[PDB]
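Asks:
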Amino acid sequence: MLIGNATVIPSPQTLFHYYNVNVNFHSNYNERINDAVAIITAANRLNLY
Amino acid sequence: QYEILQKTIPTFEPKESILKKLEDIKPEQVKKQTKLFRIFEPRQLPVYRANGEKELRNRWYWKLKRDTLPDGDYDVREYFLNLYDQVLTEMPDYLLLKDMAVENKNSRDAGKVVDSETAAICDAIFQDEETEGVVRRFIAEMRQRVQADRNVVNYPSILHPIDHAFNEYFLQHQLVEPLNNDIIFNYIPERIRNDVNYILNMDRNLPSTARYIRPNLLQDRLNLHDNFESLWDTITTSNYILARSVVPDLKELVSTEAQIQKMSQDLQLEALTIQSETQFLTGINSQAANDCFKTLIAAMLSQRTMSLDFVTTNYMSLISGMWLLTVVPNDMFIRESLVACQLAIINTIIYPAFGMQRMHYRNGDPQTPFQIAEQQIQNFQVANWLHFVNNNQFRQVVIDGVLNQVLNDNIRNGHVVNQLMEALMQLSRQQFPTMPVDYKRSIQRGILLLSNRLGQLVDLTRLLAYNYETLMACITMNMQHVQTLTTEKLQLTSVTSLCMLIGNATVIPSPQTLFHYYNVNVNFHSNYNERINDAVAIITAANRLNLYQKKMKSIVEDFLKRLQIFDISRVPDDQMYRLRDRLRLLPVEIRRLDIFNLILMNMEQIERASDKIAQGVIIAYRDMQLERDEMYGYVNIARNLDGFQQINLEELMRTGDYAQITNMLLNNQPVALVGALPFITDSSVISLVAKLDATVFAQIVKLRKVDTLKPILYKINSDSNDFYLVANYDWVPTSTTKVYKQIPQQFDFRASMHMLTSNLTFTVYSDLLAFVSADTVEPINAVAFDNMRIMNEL
Amino acid sequence: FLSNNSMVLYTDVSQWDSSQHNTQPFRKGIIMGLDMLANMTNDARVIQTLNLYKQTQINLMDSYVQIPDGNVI
RNA sequence: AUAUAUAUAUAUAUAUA
RNA sequence: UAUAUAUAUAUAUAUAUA
Ligand SMILES: O=c1ccn([C@@H]2O[C@H](COP(=O)(O)OP(=O)(O)OP(=O)(O)O)[C@@H](O)[C@H]2O)c(=O)[nH]1
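In structure tokens:
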């Protein structure tokens with residue numbers, strides 16, 4: 593009981609920034625699994641206790 | 094020797110508006126027009142022949158007066174709602190033509206034409222040497238025709254046929270009805286002129302000329318008592334304070350100031366000191382009898398719900414509450430406070446009298462404790478009064494077109510007191526077996542101060558139901574019985590001051606304060622239905638004109654404003670957009686419906702016959718001959734938008750997806766843009782051969798914006814420079830794009846004269862109850878609905 | 509009402525006179541309250557005493573204090 | 001030659017040609 | 001055999017408070 597008849601829309605400048613911060617975290621989360629796996633596995637083929 | 098140190102206080106303007114009572118609402122000041130409604134005006138234009146050369150004579154044409162048309166196809170419809178609000182305020186109530194009739198400067202006999210403008214036109218044609226002879230001969234035989242026996246006249250005019258259909262409608266549809274002596278007496282309601290006590294008199298008789306404007310007194314098409322519990326609270330607290338003003342003061346209280354001096358100089362002579370014959374009680378005054386007589390009548394006529402206020406430890410205020418519930422119907426007393434008074438009579442006075450156990454009445458039982466103690470009691474006379482209180486209801490009958498809630502027939506008689514005091518006597522002859530003897534002596538002393546007053550209480554019921562019956566003839570709006578939000582506190586220790594302090598003097602409401610209570614319930618009810626119909630005619634004309642962007646809170650915001658009793662800024666958007674769904678469903682009144690069709694039928698003839706706006710440009714990408722006209726010469730005009738695919742520029746700005754046009758503008762498809770474009774005039778011919786008209790559309794591809802469009806409308810004629818290219822070389826001018834524009838109409842003088850008619854004389858009268866001067870019969874013998882009188886008790 | 513699920517809250521404004529919320533929004537809240545009360549009654553005398561208690565709030569919305577020092581006021 | 005507002009409780013005192 | 005009803009006197013000074 594305080595809303596009016598005037599709608600709000602996510603403007604496309606803050607709709608591409610929300611996309612380019614969810615891609616840039618998802619492409620950072622996947623690029624650090626691939627770095628941490630490639631060192632764990634390379635510490636095992638090299639027989640590093 | 095002073096010194097001023099002043100600082101900046103921040104300005105704070107709270108949202109508010111002025112609120113007037115119903116006593117001072119000014120009636121609608123009647124509108125009569127002074128000049129005709131003109132929107133078209135003849136203008137002098139040069140004329141060009143079929144070659145293109147300028148002719149020696151000139152020609153007259155109809156153009157607009159102040160042609161300010163906004164661009165874009167949505168702003169044009171926003172202009173025509175604004176035009177529709179301009180004809181309504183100019184629409185007159187009564188129109189006489191003797192007020193607006195100026196002399197023709199030159200005629201056969203010196204007659205009159207109907208306006209200062211249409212005399213300025215007919216003298217502009219006379220001295221113009223280029224005019225024909227038979228146009229000049231028509232102005233000579235242009236006089237008025239006057240007929241005295243029917244008092245109508247016939248003044249000539251020179252009006253556009255759109256302008257004539259707006260002025261002809263103002264003359265035949267007027268709000269004046271004739272008025273005489275036998276129609277002033279029909280203005281007074283039927284329960285007053287058919288009443289014995291008031292004798293109606295008048296001095297002057299009105300002529301066969303005088304007219305009056307009848308108010309549209311039809312009931313509220315909005316059901317503002319249905320689901321509107323915050324607007325019906327303030328429309329009945331505005332009626333309760335009006336009704337409190339006209340309820341008269343009791344004759345035992347009021348007298349003039351000098352009569353106190355007139356009664357003090359003979360008080361020591363004539364010793365009359367216990368003539369009033371009452372036993373005094375602490376808490377009894379006469380200022381509460383006068384108060385409770387006004388908050389019993391004025392809370393019935395406005396249908397407020399009273400709330401009882403009392404203390405349980407007063408055994409006399411509970412006995413006087415027995416008279417209150419048996420006269421006023423229990424639907425008016427509020428349920429949380431009727432029950433706590435209806436139970437307090439049971440547990441104190443009725444049930445200890447019979448020795449029964451005092452009732453366990455839990456909170457919120459659906460049966461009120463008189464409706465549960467007519468079954469549990471075994472007497473016959475106190476179970477006959479408890480049946481009347483359980484079934485005392487208002488009787489909703491419609492009288493003279495106004496539904497108003499008359500009382501039960503026994504209450505107007507007085508016979509309910511003879512049902513109560515027959516029951517209040519059997520309850521006093523009981524033994525009170527459980528309670529001690531002093532508790533029996535405390536009621537039997539107090540229940541006998543009310544049974545000794547039977548002649549003065551069978552008559553208060555007559556007088557209280559006659560002041561309510563008389564004043565109810567003066568209402569006009571439909572009184573509905575719906576429980577309101579806020580209540581009016583009636584103290585039960587102030588009914589005791591009413592029940593045993595009245596006597597032998599009828600107070601009947603004088604007819605000068607019945608005609609005032611009726612002339613403020615008409616002046617508010619006619620200020621209601623002329624604000625419904627003013628705010629329905631814009632809501633329906635907004636949806637009919639296709640205004641999808643207009644938020645219609647604003648034209649309900651001023652509907653609640655012009656009703657002068659509402660505060661706007663404490664009424665939210667919730668109670669102003671529910672009201673739009675009710676005002677939309679109503680039929681718009683016939684004067685506004687018949688004049689919106691006179692705009693809607695030719696909102697394309699006003700729009701097309703004006704400069705500085707053109708209804709879309711068409712593009713062809715091929716040489717085609719531009720048509721020869723007489724007011725333009727040679728113009729790339731197109732009268733019909735036919736053969737081409739259309740793009741709606743109202744929609745191309747709305748959705749904003751330009752992918753259709755910018756893929757259709759690079760490939761050179763023939764496109765006819767549709768909208769309302771501001772066009773410029775390029776009168777030179779060497780701009781046409783250089784093809785300037787095609788180079789203006791390429792700013793839609795690089796830049797998305799389409800409102801910065803200016804199509805080119807050529808005009809090739811003799812006054813234009815470099816014209817000899819058309820004269821020497823045998824070529825007709827060819828353009829690429831032509832403008833969809835309409836030719837202005839010719840001013841044919843003999844076909845535009847109209848003979849406007851109206852009456853000769855009125856005398857429009859404002860209110861009609863100034864003439865009839867009423868007076869009341871002596872209140873010693875004043876007659877109720879029974880032909881026996883009231884205040885008959887010795 | 510002091511218990512272990514309750515919190516008491518005592519606040520003292522630094523100066524109740526000469527606060528920002530007391531110059532304009534306190535007078536104009538009372539002057540509005542005497543407009544809705546001028547419609548409640550009907551007398552020429554209860555309105556007139558309620559048009560004087562409104563007039564003392566219009567006159568105090570701007571005020572001046574007379575304090576002297578040395579020889580100047 | 002002489003400056004101390006308003007309200008709320010509480011206590012003391014007082015009324016007369 | 002029978003033992004009445006009803007909640008805010010005024011003025012100045014004084015202190016506590018706002
Ligand atoms: O003699 C007085 C004392 C107080 N008051 C009124 O009581 C109000 C509150 O009095 P306070 O003493 O609480 O004011 P304050 O908040 O300015 O105090 P500090 O924090 O500065 O210590 C004041 O602002 C004034 O309206 C008076 O009218 N007269």
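Top line first, the protein sequences correspond to chains F, E and A. Using the deposited numbering, the first residue of the first sequence is number 593, and each one after it goes up by one. Using the deposited numbering, the first residue of the second sequence is number 94, and each one after it goes up by one. Using the deposited numbering, the first residue of the third sequence is number 509, and each one after it goes up by one. Note that the Cβ used here is the ideal one computed from N, Cα and C, for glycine as well.
1) Is the Cβ-Cβ distance between E/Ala598 and E/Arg685 less than 9 Å?
2) Tell me which residue opens and which closes the beta strand (DSSP E) that E/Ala765 is part of.
3) Any beta-carbon of chain E closer than 9 Å to the one on A/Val554?
4) Taking 9 Å as the CB-CB cut-off, is A/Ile581 touching chain E?
5) Residue ranges of each alpha helix (DSSP H) run of no fewer than 4 residues wholly in the stretch 370 to 437 of chain E, ordered along the chain?
6) Under the criterion of a Cβ to heavy atom distance below 8 Å, does A/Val521 qualify as lining ligand 1?
7) Per the DSSP calculation, E/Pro837 is bridged to which residue(s)?
8) Got a sec: does ligand 1 put a non-hydrogen atom nearer than 8 Å to the Cβ of E/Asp868?
9) Residues of chain A with CB under 8 Å from E/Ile470, in chain order?
10) If you compare alpha carbons, which of E/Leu189, E/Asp192, E/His253, E/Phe263 is closest to E/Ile683?
11) Got a sec, what are the start and stop residues for the alpha helix (DSSP H) E/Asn626 sits in?
12) Determine, using beta-carbon pairs with one atom in the stretch 811 to 821 of chain E and one in the stretch 837 to 857 of chain E, whether at least three such pairs fall under 8 Å.
13) Since E/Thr830 is in the beta strand (DSSP E), which residue starts that stretch and which ends it?
14) Using a threshold of 8 Å, is the CB atom of E/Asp660 nearer than that to any non-hydrogen atom of ligand 1?
15) With a threshold of 6 Å on Cβ separation, who are the neighbours of E/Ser331 within its own chain once the five nearest residues in sequence on each side are excluded?
16) Can you find a C-beta in chain E that's less than 9 Å from the C-beta of F/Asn597?
17) Is there a Cβ of chain E sitting closer than 9 Å to that of A/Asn513, yes or no?
18) Thinking just about the alpha-carbon of each residue, which of E/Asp402, E/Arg451, E/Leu734 is nearest to the one in E/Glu429?
19) Secondary structure at E/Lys808, three-state DSSP: helix, strand or coil?
20) Looking at the structure shown, is E/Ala787 part of a helix, part of a strand, or coil, going by DSSP?
21) Please list, in chain order, the chain A residues whose beta carbon lies closer than 9 Å to that of E/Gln94.
22) From the beta carbon of A/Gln532, is the nearest beta carbon of chain E less than 9 Å away?
23) Per DSSP, which one or two residues make a beta bridge with E/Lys147?
24) Excluding five sequence neighbours on each side, which residues of the same chain lie with their C-beta closer than 6 Å to the C-beta of E/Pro804?
25) Excluding five sequence neighbours on each side, which residues of the same chain lie with their C-beta closer than 8 Å to the C-beta of E/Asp687?
26) Using a threshold of 9 Å, state whether the C-beta atoms of E/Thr829 and E/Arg715 are closer than that.
27) Does the beta carbon of E/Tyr751 sit closer than 9 Å to a beta carbon anywhere in chain F?
28) Pop quiz: E/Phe105 and E/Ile255 are said to be a contact at Cβ under 8 Å. What is the actual Cβ separation, rounded to whole angstroms?
29) Looking only at its chain, what residues have a beta carbon closer than 6 Å to the beta carbon of E/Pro529, apart from the 5 residues adjacent to it on each side?
30) Take E/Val588 and list the residues in its own chain whose beta-carbon comes closer than 6 Å to its own, dropping the five residues that flank it on each side.
31) Using 9 Å as the limit for Cβ to Cβ distance, is E/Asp651 near chain F?
32) Which one or two residues does DSSP pair with E/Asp775 in a beta bridge?
33) Could you tell me whether the Cβ of E/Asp667 comes closer than 9 Å to any Cβ of chain F?
34) Measure the C-alpha to C-alpha separation of E/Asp660 and E/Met724 and round it to an integer number of angstroms.
35) What is the rounded straight-line gap between the Cα of E/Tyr141 and the Cα of E/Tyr727?
36) Enumerate in chain order the residues of its own chain whose CB-to-CB distance from E/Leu818 is below 7 Å, with the five nearest sequence positions on each side excluded.
Replies: With the structure as the only source:
1) Taking 9 Å as the cut-off, the beta carbon of E/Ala598 is found no closer than this to the beta carbon of E/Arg685.
2) For E/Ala765, the enclosing beta strand (DSSP E) covers residues 764 to 767.
3) False, the Cβ-Cβ gap to chain E never drops below 9 Å.
4) At least one chain E Cβ lies under 9 Å of A/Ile581.
5) The stretch 370 to 437 of chain E is shown to contain whole alpha helix (DSSP H) runs of 4 or more residues at 382 to 385, 387 to 394, 408 to 420, in chain order.
6) A/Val521: yes, Cβ under 8 Å from ligand 1.
7) As far as DSSP is concerned, E/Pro837 takes part in no beta bridge.
8) Distances from the CB of E/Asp868 to the heavy atoms of ligand 1 are all 8 Å or more.
9) Correct list: empty, because the minimum Cβ distance to chain A is about 43 Å.
10) Ranking E/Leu189, E/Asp192, E/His253, E/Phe263 by Cα distance to E/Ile683 puts E/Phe263 first.
11) From DSSP, the alpha helix (DSSP H) with E/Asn626 extends over 622 to 637.
12) No, the stretch 811 to 821 of chain E does not touch the stretch 837 to 857 of chain E.
13) Segment 827 to 832, the beta strand (DSSP E) holding E/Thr830.
14) For ligand 1, not one heavy atom lies less than 8 Å from the Cβ of E/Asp660.
15) Closer than 6 Å at Cβ, skipping near neighbours: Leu115, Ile658.
16) Look at F/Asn597: its C-beta is under 9 Å from a C-beta on chain E.
17) By the rule that beta-carbons nearer than 9 Å mark a contact, A/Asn513 does not touch chain E.
18) With distances taken between CA atoms, E/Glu429 lies nearest to E/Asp402 out of E/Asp402, E/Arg451, E/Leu734.
19) Reduced to three states, the DSSP call for E/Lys808 is coil.
20) E/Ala787 carries a helical assignment under DSSP once its states are collapsed to helix, strand and coil.
21) Simply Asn579, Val580, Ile581.
22) Taking 9 Å as the CB threshold, A/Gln532 lines the interface with chain E.
23) According to DSSP, which records beta bridges pairwise, E/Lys147 is partnered with E/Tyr141.
24) Cβ within range, chain order: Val710, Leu770, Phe772, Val832.
25) Excluding the 5 residues flanking it on each side, E/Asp687 has same chain C-beta neighbours closer than 8 Å at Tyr262, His266, in chain order.
26) Yes, these two residues count as a Cβ contact at 9 Å.
27) Closer than 9 Å: no.
28) Rounded, the Cβ-Cβ distance is 51 Å, inconsistent with contact.
29) Closer than 6 Å at Cβ, skipping near neighbours: no residue.
30) So the qualifying residues of the chain are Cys385, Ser413, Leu417.
31) Using a Cβ-Cβ cut-off of 9 Å, E/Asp651 does not count as an interface residue toward chain F, since no Cβ of chain F sits closer than that to its own.
32) DSSP output for E/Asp775 lists E/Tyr807 as bridge partner(s).
33) The beta-carbon of E/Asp667 is placed less than 9 Å from the nearest beta-carbon of chain F.
34) About 57 Å.
35) Each residue's alpha carbon lies about 9 Å from the other.
36) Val778, listed in sequence order.
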